[PDB]
Each structure stands twice: as structure tokens, then as C-alpha cells.
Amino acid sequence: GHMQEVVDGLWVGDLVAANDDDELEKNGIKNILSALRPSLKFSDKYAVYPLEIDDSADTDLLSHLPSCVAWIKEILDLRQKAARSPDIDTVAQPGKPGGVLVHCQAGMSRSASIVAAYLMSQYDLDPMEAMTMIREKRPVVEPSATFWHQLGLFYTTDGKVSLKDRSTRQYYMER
């Protein structure tokens, strides 16, 4: 498939998956975390978090990870009750009661890194443990080198991006 379910209600996938409304409906997905530039035009059937970032060696994903993690938590909590967090960027639409697909163009780097950050925060995993958990469902995932580094910074600071950490401050200084 073009998307795979990592844990209950949380999917990672590619550009094909984001456009396949049949598969999204069949799996009860009503939220899309869309990590792509330019942003796509989605139907209002979905709540969408447009993350306008590239998959480049100088892309800053770290600054957005607390917002991404909090948005996924907002959705999955709401989905369970059906059966705002100050961390969430205001461009993220209010979560709807259903699953969430996190996607980029290929479903390997931006999207897998965002899902890994969520798994690190939710299950107290380190980046490798998180990424292995995803890879066992979607074997092609492979963060870029800079995303692996940024996941390490996110791990160190317990998911609050703090520049009291030397390495995090250094990352932002070099940018």
C-alpha cells in the first residue's frame, strides 16, 4: 500500500495515499498532516495541517515537531472519546473524530520523521526504536541525515525544543 497503519488510527504514507479518497474513507481517516510544498487543496471533508516544508538538507523540521505531536494527540484523543494545546500551530485545522494520515511525497522522510517524533513522545522511545516500529509496517522509511539529527535533538530535550541544550542551540545557530 501507499499508506500503512503504525498504531491504531495513525497512518504514514505518500502523495498517492493523500489523494485516494476511497482508501481514506474505507479506513475512517478524517485528518491529514500534509508535509509538502506547495500545499495541496483538500476537500473540507478533512481537517488538514499543512506543513509547508521541503525534504532538504537545510530543512528545519525540529521547530514544528511539538506542534505536530500535539495535533496527532488531539486527533487520537478525540477519536477515542467518539468511540486547544498551546503547542499547536494555528494553521492546523481543528481535529475531526477519525484517523490521521501523515504524508509527504514519498512517505519516507518528512512523514516518517513526524510519526517517529509522536511515537518517541507517546511510548518513551529513542529515534531508532521509533523508526524501527514504523519500518516494521512501512519498510522503505528512511529519514534524511538532518532529520535523524533533529530527532536526536527532540529526544534530548524531552519534546520541548529548548536551547538550554547546547546541541539544539548549535543547530539553530548554524542555520
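Start at 1 with the first residue shown and count on from there.
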(request) On mean C-alpha B-factor from the PDB entry, just flag whether 141-149 or 22-30 is the higher one. (result) 22-30
(message) How does the C-alpha B factor of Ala35 compare with the rest of the chain: lowest, middle or highest third?
(response) lowest
(request) Determine, from the deposited record, the chain-internal third of the Cα B-factor for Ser43: lowest, middle or highest. (result) highest
(request) Classify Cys68 as lowest, middle or highest third according to the C-alpha B-factor given in the PDB entry, relative to its own chain. (result) lowest
(request) For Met128, return the chain-relative third of its C-alpha B-factor as stated in the PDB record: lowest, middle or highest. (result) highest
(message) When the deposited Cα B-factors of this chain's modelled residues are ordered and cut into thirds, is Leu10 in the lowest, the middle or the highest one?
(response) lowest
